[PDB]
Amino acid sequence: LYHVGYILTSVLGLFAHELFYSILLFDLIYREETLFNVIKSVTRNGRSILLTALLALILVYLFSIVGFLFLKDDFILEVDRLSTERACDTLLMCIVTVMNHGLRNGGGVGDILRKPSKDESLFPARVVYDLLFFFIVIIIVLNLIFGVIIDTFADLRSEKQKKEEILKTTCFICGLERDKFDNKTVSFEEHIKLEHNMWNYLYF
Amino acid sequence: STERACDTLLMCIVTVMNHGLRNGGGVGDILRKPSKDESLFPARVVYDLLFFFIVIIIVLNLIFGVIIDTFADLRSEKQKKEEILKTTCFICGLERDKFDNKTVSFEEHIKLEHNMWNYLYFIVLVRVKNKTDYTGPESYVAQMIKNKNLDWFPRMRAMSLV
Amino acid sequence: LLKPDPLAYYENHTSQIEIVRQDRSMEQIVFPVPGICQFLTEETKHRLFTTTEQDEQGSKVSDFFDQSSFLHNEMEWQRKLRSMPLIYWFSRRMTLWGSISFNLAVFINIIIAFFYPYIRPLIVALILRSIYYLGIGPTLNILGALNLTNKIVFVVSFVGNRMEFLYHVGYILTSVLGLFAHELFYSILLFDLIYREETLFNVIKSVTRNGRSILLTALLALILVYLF
Amino acid sequence: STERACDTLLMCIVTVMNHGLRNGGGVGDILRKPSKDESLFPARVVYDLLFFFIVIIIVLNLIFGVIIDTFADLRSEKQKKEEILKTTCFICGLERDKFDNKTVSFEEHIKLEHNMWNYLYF
Ligand SMILES: Nc1ncnc2c1ncn2[C@@H]1O[C@H](COP(=O)(O)OP(=O)(O)OP(=O)(O)O)[C@@H](O)[C@H]1O
Ligand SMILES: Nc1ncnc2c1ncn2[C@@H]1O[C@H](COP(=O)(O)OP(=O)(O)OP(=O)(O)O)[C@@H](O)[C@H]1O
Ligand SMILES: Nc1ncnc2c1ncn2[C@@H]1O[C@H](COP(=O)(O)OP(=O)(O)OP(=O)(O)O)[C@@H](O)[C@H]1O
Ligand SMILES: [Ca+2]
Ligand SMILES: [Zn+2]
Ligand SMILES: [Zn+2]
Ligand SMILES: [Zn+2]
């Protein structure tokens with residue numbers, strides 16, 4: 001199916017528009033096993049990553065609710081038209097702003113809100129809001145999305161080590177360890193080649 | 001005052017590779033800041049979020065997950081090597097466990113009987129002595145050394161265990 | 001009675017091994033250790049003990065036996081060398097040359113960084129006095145000359161103490177380039193902290209062991225950037 | 001209104017160590033933004049990308065991978081030590097599995113016979 005899709009993309013590029021040969025570069029993931037292993041680390045626990053993203057979206061939704069109810073006058077966004085607009089006139093806009101401009105920042109949504117003045121009555125509220133966003137949705141959740149990948153890497157490495165040592169140590173048919181064939185007339189390197197040759201069983 | 005990047009696909013690639021990867025939020029940080037009353041605003045939001053979530057959280061974090069995994073692999077393999085070196089015998093590959101309650105402890109099995117440097121000395125002796133004066137074992141080991149055989153070494157069996 | 005002094009001398013030159021006879025029975029061969037067995041350097045022993053790699057089975061002997069001949073050649077070379085007094089004196093002091101060369105490189109780089117718009121404390125004071133009296137340029141020239149001579153001595157010791165040699169000759173090339181071509185070429189000499197340190201080399205190994213993985217991930221990032 | 005850093009090599013080092021390491025995109029975020037028609041534009045692109053990819057994705061990530069690896073090493077060592085403490089006897093170093101189906105179990109072989117405090121008392 002992948003190869004016929006490749007043919008389809010090639011013919012589209014040849015006839016429809018030359019800007020379809022780009023997708024062909026996604027043969028590097030197929031021609032290579034190392035890159036495929038990295039993408040496997042990404043996409044083995046894919047449900048974990050997607051559910052963590054949904055958790056981040058839920059937290060963004062709650063923070064957007066709080067901002068819309070209380071801090072809706074601090075959601076002011078610079079714009080370049082063809083001077084400064086207001087984001088929070090509707091909870092959907094608050095969610096969009098806090099998900100686009102709040103996740104894509106090193107300090108959370110507090111980097112886009114109106115910069116407060118120390119002599120305001122909402123200053124402690126803004127400080128707590130920004131710090132909570134930064135500590136819950138940018139140091140933990142967006143870091144869980146990466147800790148999951150790291151843990152998946154470790155799991156793949158351990159699984160591959162187990163499989164390889166099983167293959168190179170124990171017999172394929174009888175599952176008999178290598179050490180059992182020490183100080184014996186037949187060595188394990190011979191037991192697997194003449195007696196328990198798994199291809200002789202297929203021939204039989 | 002200000003220039004346009006995308007007048008050619010090469011310039012778009014250069015801008016999105018230089019100013020896109022080198023940012024905490026992706027190419028959405030250099031692109032003209034849109035206005036909510038535009039017809040492309042959802043497209044820009046999706047574009048920026050996709051760039052951020054694919055090329056700056058999953059593809060610029062695999063270059064680091066790989067490093068962490070390599071660290072773990074190095075530690076594991078070094079630990080295996082150190083355990084093998086400090087527990088099993090170099091020549092016969094016999095664990096330290098088998099030399100408990102025996103007359104000779106493992107601390108002597110490696111220092112007196114199965115001293116690999118003694119085997120090196122024996123090899124040098126066998127290849128420095130004239131062939132006629134070889135005693136039985138010396139001529140035997142010379143014969144095997146000529147045959148490229150390695151059986152004369154002990155293998156999973158010391159002699160102090162029997 | 002045979003316990004230990006002639007007896008101590010004989011017990012110091014009498015090695016026993018446990019070769020396995022053809023009939024699956026073990027013997028205990030006791031033999032005098034040849035003379036050249038007193039020249040095997042301790043560093044070589046440590047290297048062969050640590051770096052030797054297990055083969056397909058749990059057997060490290062298949063490589064030790066292979067290295068036996070090279071060890072014998074080194075044994076003979078050490079016997080030959082110990083007669084030569086001057087080269088032997090150099091060879092005994094091999095870490096000293098490396099330390100001096102690295103310290104000179106670091107001091108040259110510090111002097112360049114701090115001045116270039118155009119017993120360690122005692123050595124620092126000496127360099128400061130040289131800077132005060134002669135000034136930068138001549139102080140730099142003499143420091144580079146000392147570095148080059150020390151690295152030549154280090155390389156002759158290295159060969160006499162026989163890819164790493166390629167690195168050392170590259171270091172020589174960089175030193176001479178800095179001394180003559182342009183004084184900003186000493187910057188590359190600071191890439192000896194990797195060679196002089198095992199920990200830094202271990203982290204760099206973590207980086208460059210799965211280098212193909214990192215490069216292919218970078219190419220994937222480039223493909224995604226191309227699509228965007 | 002704007003000062004120059006690179007009038008000397010020491011000032012360049014200070015600028016690229018203070019303003020380069022402390023940015024999410026390397027020193028390219030402080031350098032003058034170049035016009036596409038300049039002759040050195042490819043040079044600036046390569047310079048910035050190399051700084052970002054060598055000194056901010058690898059080295060400043062090695063400084064953290066080392067910490068992670070040390071965490072793993074500590075956890076493994078502590079698990080080993082705790083398991084040895086809770087399984088093998090302190091004095092004889094005899095596993096717990098050896099005292100199964102025996103007239104006396106490990107739970108008291110370490111409390112009556114091989115009590116190390118009894119050895120200290122002796
Ligand atoms: N039961 C087994 N356990 C482990 N390895 C096995 C087993 N059966 C076969 N093998 C391995 O699978 C491969 C099968 O080799 P095969 O019998 O086809 O011999 P061949 O084609 O002459 O090649 P070779 O030179 O590797 O022996 C060999 O690597 C053999 O060691
Ligand atoms: N088969 C072996 N298994 C384990 N360790 C070994 C083996 N052969 C040699 N060694 C170790 O390698 C080193 C070689 O010992 P060597 O004959 O050089 O002793 P030495 O120079 O007198 O020093 P020392 O006995 O104080 O370590 C020692 O550490 C010895 O324990
Ligand atoms: N050789 C050993 N192996 C394992 N655990 C040991 C060993 N020797 C002592 N211990 C443990 O150390 C502690 C020493 O117990 P101790 O003789 O002091 O009794 P205690 O202070 O009256 O306490 P308790 O009987 O309630 O455990 C106990 O936990 C004992 O299990
Ligand atoms: Ca004879
Ligand atoms: Zn079998
Ligand atoms: Zn042994
Ligand atoms: Zn006990």
# chains A, B, ... in the order shown; residues from 1 in each chain; ligands from 1

$ residues_near_ligand --ligand "ligand 1" --cutoff "6 Å" --atoms "only C-alpha atoms and all ligand atoms" --output "list in words"
residues 171, 172, 173, 192, 193, 196, 197 and 198 of chain A

$ residues_near_ligand --ligand "ligand 2" --cutoff "9 Å" --atoms "only C-alpha atoms and all ligand atoms" --output "JSON list (two decimals) with C-alpha atoms, in the first residue's frame"
[["chain", "number", "residue", "atom", "x", "y", "z"],
["B", 85, "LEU", "CA", 36.05, -7.97, 34.55],
["B", 86, "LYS", "CA", 35.79, -7.83, 38.34],
["B", 87, "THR", "CA", 33.84, -11.08, 38.89],
["B", 88, "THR", "CA", 34.65, -13.70, 36.26],
["B", 89, "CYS", "CA", 38.09, -15.09, 35.48],
["B", 90, "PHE", "CA", 39.77, -13.66, 32.39],
["B", 91, "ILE", "CA", 40.98, -16.99, 30.98],
["B", 92, "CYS", "CA", 38.40, -19.64, 31.91],
["B", 93, "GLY", "CA", 35.47, -17.27, 32.45],
["B", 94, "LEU", "CA", 34.44, -18.86, 35.76],
["B", 106, "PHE", "CA", 38.87, -16.65, 43.89],
["B", 107, "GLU", "CA", 41.42, -14.03, 44.95],
["B", 108, "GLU", "CA", 44.07, -16.73, 44.41],
["B", 109, "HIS", "CA", 42.60, -18.60, 41.43],
["B", 110, "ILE", "CA", 43.27, -15.50, 39.32],
["B", 111, "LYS", "CA", 46.64, -14.62, 40.90],
["B", 112, "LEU", "CA", 48.38, -18.02, 40.87],
["B", 113, "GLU", "CA", 46.67, -20.59, 38.62],
["B", 114, "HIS", "CA", 44.81, -18.69, 35.88],
["B", 115, "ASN", "CA", 47.08, -15.67, 35.57],
["B", 116, "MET", "CA", 46.70, -14.55, 31.96],
["B", 117, "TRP", "CA", 50.14, -12.94, 32.06],
["B", 118, "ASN", "CA", 51.56, -16.36, 32.90],
["C", 42, "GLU", "CA", 52.40, -1.88, 33.47],
["C", 45, "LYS", "CA", 49.10, -4.70, 31.01],
["C", 46, "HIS", "CA", 46.29, -2.43, 32.19],
["C", 49, "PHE", "CA", 43.29, -6.18, 30.70]]

$ atom_distance --atom1 "atom CA of residue A:107" --atom2 "atom CA of residue B:31"
19.9 Å

$ closest_atom_pairs --of "chain B" --to "ligand 4" --cutoff "7 Å" --atoms "only C-alpha atoms and all ligand atoms" --output "tab-separated table"
residue	atom	partner	partner_atom_place_in_ligand_line	distance
B:132	CA	ligand 4	1 (Ca)	4.4
B:133	CA	ligand 4	1 (Ca)	4.7
B:134	CA	ligand 4	1 (Ca)	5.9
B:135	CA	ligand 4	1 (Ca)	6.8

$ write_last_selection --atoms "N, CA and C atoms" --output "short mmCIF file (atom, residue, chain, number, x, y, z; two decimals), in the first residue's frame"
data_model
loop_
_atom_site.label_atom_id
_atom_site.label_comp_id
_atom_site.auth_asym_id
_atom_site.auth_seq_id
_atom_site.Cartn_x
_atom_site.Cartn_y
_atom_site.Cartn_z
N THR B 132 63.93 -28.02 19.45
CA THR B 132 64.35 -29.35 19.85
C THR B 132 64.20 -29.57 21.35
N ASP B 133 64.37 -28.53 22.16
CA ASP B 133 64.38 -28.68 23.61
C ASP B 133 62.99 -28.63 24.23
N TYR B 134 61.93 -28.47 23.43
CA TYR B 134 60.58 -28.49 23.97
C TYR B 134 60.33 -29.77 24.75
N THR B 135 59.79 -29.62 25.95
CA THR B 135 59.27 -30.77 26.69
C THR B 135 57.90 -31.12 26.11
#

$ interface_residues --of "chain B" --to "chain A" --cutoff "6 Å" --atoms "only C-alpha atoms" --output "PDB file with N, CA and C atoms, in the first residue's frame"
ATOM      1  N   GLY B  24      11.397  29.634  20.344  1.00  0.00           N
ATOM      2  CA  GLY B  24      10.632  28.857  21.293  1.00  0.00           C
ATOM      3  C   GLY B  24       9.202  28.595  20.893  1.00  0.00           C
ATOM      4  N   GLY B  25       8.759  29.133  19.760  1.00  0.00           N
ATOM      5  CA  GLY B  25       7.390  28.956  19.319  1.00  0.00           C
ATOM      6  C   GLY B  25       7.271  28.730  17.827  1.00  0.00           C
ATOM      7  N   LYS B  33       1.958  39.350  12.416  1.00  0.00           N
ATOM      8  CA  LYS B  33       0.944  39.057  13.419  1.00  0.00           C
ATOM      9  C   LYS B  33      -0.435  39.331  12.831  1.00  0.00           C
ATOM     10  N   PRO B  34      -1.319  38.344  12.760  1.00  0.00           N
ATOM     11  CA  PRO B  34      -2.570  38.509  12.020  1.00  0.00           C
ATOM     12  C   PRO B  34      -3.592  39.305  12.823  1.00  0.00           C
ATOM     13  N   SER B  35      -4.740  39.535  12.194  1.00  0.00           N
ATOM     14  CA  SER B  35      -5.872  40.209  12.812  1.00  0.00           C
ATOM     15  C   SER B  35      -7.055  39.253  12.805  1.00  0.00           C
ATOM     16  N   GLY B  65      16.408  13.154  23.107  1.00  0.00           N
ATOM     17  CA  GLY B  65      16.080  11.830  23.604  1.00  0.00           C
ATOM     18  C   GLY B  65      17.076  10.789  23.137  1.00  0.00           C
TER      19      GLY B  65
END
